[PDB]
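Please read the structure below before turning to the comments.
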Amino acid sequence: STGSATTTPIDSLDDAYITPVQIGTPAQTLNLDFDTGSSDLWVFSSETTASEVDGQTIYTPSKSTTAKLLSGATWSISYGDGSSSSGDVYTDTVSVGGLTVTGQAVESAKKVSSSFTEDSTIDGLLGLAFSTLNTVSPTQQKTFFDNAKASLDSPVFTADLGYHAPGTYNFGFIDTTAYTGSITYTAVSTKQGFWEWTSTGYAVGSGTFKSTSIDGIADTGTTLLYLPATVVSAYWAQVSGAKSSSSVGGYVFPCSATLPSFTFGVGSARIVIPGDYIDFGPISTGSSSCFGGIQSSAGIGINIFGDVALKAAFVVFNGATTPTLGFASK
C-alpha cells in the first residue's frame, strides 16, 4: 500500500504545516501537524476542557463506530517549546492520503497548554519519530508509520515541504519526479528516539564550505534551524545590523536586509537554503526588526534541522531495519 497527502502552511511564515487525517467511522477529518520529532498521535477532542478549545476541529470518539477506549491508558507530553498536552486513549481507524491503519492509538486530549489553544489551525499532532518516545502508559503505543510499515510497498515516508506553498507527505514510495539529481543517504542513530544524523558541514552564502560534523535531528515539527553558536554567529555576521537579542529571544536583523543563503552538507552532497527561507518577518506587527530563521541550539541540548532546512530538500525517512535519512535538492 501507499498514501499521499498534501501538507499546507498554517500561515504566511510557514510556522508549521497541517495535513488532513481521517479518524474513525464515519471519517472525522482533522488537520494534524506531522512531527518527525515526537511519537504521539494526539487530537483535540470532545473530552478536551472546553475553555482550552478555541476554533479547532475535535474528534468525538462516541460518534465513531470503530472507536474503542484503550482501558487504563493515559498520555502526557511536553515539547521543546514548553507546550504540553495530556489525556486518555482510544484505538480507531486512521487514514492518511488513502493509507489506512486499523487499531491506531488516538490520544484524546483532556488538557492542552495555551500555545495549542491559541492556534486554531492545528487540531493535533501526528508523531513520526520512533515509537520508543511514545508517552502512553502503562502500555507504550506505536506510531502511525510503525503500524503501517509492514503493509507499505517500501518501509519509508517522505517529506516535501513547500516554501510559502503546499507540499506533500508520501508513505510507502519515493516519487522520483519530486526532486532533482540524486538522493544522498546518511546514517541515523535511533538511540534518543529521533531521526538523528550527522551533517558534514556548512557554508554561508557564496563562502567556502567548512567541513565539520554537526549531529542533529530531522524534525518537521520544529519551525526553525537550530545549530551550534559558532555556526550561527558565522551566518549572522554576514548580515549588516544583525544581533542576538536576549529580550526577543534570538537573532534579529534589519527587515531591509537581503539574507545570504545557508548550505548544509549531507555526505558529499550539499543542500542550499535560500536566504528568503531564513526570514521570519517582523518581531511584532509594524516592526523593522525581523526574526531570523537560523538560531543557536545552545541550551536546547541538541541541534535541530527544522522546517527551514527540511523545506529546502526532498527528505526520505527510511524505516528499514537499519533506518537512514535521504536528502535531495528539488
Residue identified as within 22 Å of the chain's Cα centre (by Cα), under 19 Å from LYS111 (Cβ atoms) and of a type in the set (S, T, N, Q) among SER78, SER51, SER46 = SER78
Look through segment 261-292, keep the residues that are under 26 Å from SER182 (Cβ atoms), touching a helix residue (DSSP H, G or I) at 6+ places or on another chain (Cβ under 8 Å) and not hydroxyl-bearing (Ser, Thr, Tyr), and return whichever of them is surrounded by the most Cβ atoms within 10 Å (Cβ to Cβ).
-> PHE262
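Quickly run through segment 240-258 and pick out the residues that are more than 17 Å from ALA298 (Cα to Cα) and either free of Cβ contacts under 8 Å to residues at least 24 places away in the same chain or part of a strand (DSSP E or B) (or both).
So the first thing to find is which residues in segment 240-258 are more than 17 Å from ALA298 (Cα to Cα), and the list is 240-242, 253-258.
Residues satisfying the conditions are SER240, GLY241, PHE253, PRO254, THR258.
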In segment 21-41, how many residues are in contact (Cβ under 8 Å) with a residue 40 or more places away in the chain and over 10 Å from the mean Cα position of the chain (by Cα)?
-> 12
Of all residues in segment 84-121, which are surrounded by fewer than 20 Cβ atoms within 10 Å (Cβ to Cβ) and of a type in the set (A, V, I, L, M, F, W, C)?
-> none
Kindly establish whether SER131 is under 18 Å from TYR79 (Cα atoms) and of a type in the set (S, T, N, Q).
-> yes
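Please determine, by comparing only the residues of segment 293-330 that are of a type outside the set (A, V, I, L, M, F, W, C) and under 21 Å from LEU152 (Cβ atoms), which one is surrounded by the fewest Cβ atoms within 10 Å (Cβ to Cβ). Quick ask: steps written out before the conclusion?
In the first step, residues of segment 293-330 are kept if they are of a type outside the set (A, V, I, L, M, F, W, C); the result is 293, 295-297, 299, 301, 303, 306-307, 311, 318-319, 321-324, 326, 329-330.
Of the ones still in play, those that are also under 21 Å from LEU152 (Cβ atoms) are 318-319, 321-324, 326.
Working: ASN318: 19, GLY319: 22, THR321: 5, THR322: 9, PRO323: 18, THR324: 16, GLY326: 21.
Applying the filter and picking the extreme gives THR321.
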Contacts under 6 angstrom Cβ, first residue in segment 289-307 being under 17 Å from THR220 (Cβ atoms), partner of a type in the set (S, T, N, Q) and not in a strand (DSSP E or B), 6 or more apart = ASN303/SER297; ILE304/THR222; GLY306/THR222; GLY306/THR223; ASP307/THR223
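We place every Cβ from the backbone using ideal geometry, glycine too, and count neighbours over all the protein chains shown. Every number in this text was worked out from the coordinates using simple rules, so none of it is lab data.
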